[PDB]
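As structure tokens, one chain now follows by itself in the form deposited in one PDB entry.
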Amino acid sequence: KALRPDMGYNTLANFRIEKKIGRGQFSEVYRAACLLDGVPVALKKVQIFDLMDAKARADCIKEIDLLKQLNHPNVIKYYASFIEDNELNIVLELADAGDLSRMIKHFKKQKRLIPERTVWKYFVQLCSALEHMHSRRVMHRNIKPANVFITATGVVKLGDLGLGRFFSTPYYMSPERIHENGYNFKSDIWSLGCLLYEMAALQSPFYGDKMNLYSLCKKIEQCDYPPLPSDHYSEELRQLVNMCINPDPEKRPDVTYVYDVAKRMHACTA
């Protein structure tokens, strides 16, 4: 099909698909380049007709409409969404950045810890991102190290694809997932708490080895995680983690509060 510059990012003719890089319940994801400007992008084809009922389709369209309105230094961009060839086509940023997963297993090999000062540098940006998202009534739904990208310069980008430009049972299970299959805005806070623990501890709070799913549910119920070392990490980091990893969603702080703490701690640690 022939180029149509008037359409910009809103037609498949302006993209060359490279390879499939992902399959989901409802979607396939590709690496593509825009033909107008040569920018590498992720192209998510969602079967809103062939794989969803009417309720799923409408809710998914509403959600993508909100996501492509976000405009924040620390969020992976949704560049476009349009219907063509009977699918919802979503064009997303692939960032020139490593995922926090990679950085974590790096420090692990080198038997070193991320100093509290760097942790706050990264965590304040994630919190800035999530505050932006919750202010437009958008839940993230999969906060994990694989979805957090860090640039050359140390700017954080939160995505939901787990795919950078160059390198690539949900990861942190909440009590409300275990018990009621529920996910709300406070479920993002739970995950954010677990990610702050993982940056300091270099492993998930509910990690273990053998690990029955049943043992993993028992530990989550009791919030039974190894305490962080009080010699390496302030009481205010360890407390923020404890407030976030709370079995009751209602008792977890809102992201405004977590962002405010991250901002005070960035300020007094830099």
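So that there is no doubt, residue numbering starts at 1 and follows the sequence shown.
Count the deposited residues lacking coordinates between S168 and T169 and you get 10 or more of them. When the two stretches 158-166 and 184-192 are set side by side, the higher mean Cα temperature factor goes to 158-166. Mean CA B-factor, 134-142 versus 103-111: the higher value falls on 103-111.
Per-chain ranking of the deposited C-alpha B factor places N212 in the highest third.
Sort the modelled residues of the chain by CA B factor and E93 lands in the lowest third. Among the modelled residues of the chain, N14 sits in the lowest third by CA temperature factor in this PDB entry. When the modelled residues of the chain are ordered by C-alpha B-factor, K218 sits in the middle third. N86: CA B factor lies in the middle third for its chain, per the PDB record.
Below, we turn to the form deposited with a partner chain bound, even though it does not appear here.
Using a 4.5 Å cut-off to the partner chain in the deposited bound form, each of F107, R112 and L202 places a heavy atom inside that distance. Residue in contact with the partner chain in the deposited bound form (any heavy atom within 4.5 Å), chosen from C127, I90, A97, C194: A97. Taking the partner from the other structure, the partner chain in the deposited bound form has no heavy atom within 4.5 Å of any heavy atom of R177. The partner chain in the deposited bound form comes within 4.5 Å of no heavy atom belonging to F123.
At the 4.5 Å threshold, heavy atoms of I150 reach the partner chain in the deposited bound form. The closest heavy atom approach of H232 to the partner chain in the deposited bound form falls within 4.5 Å.
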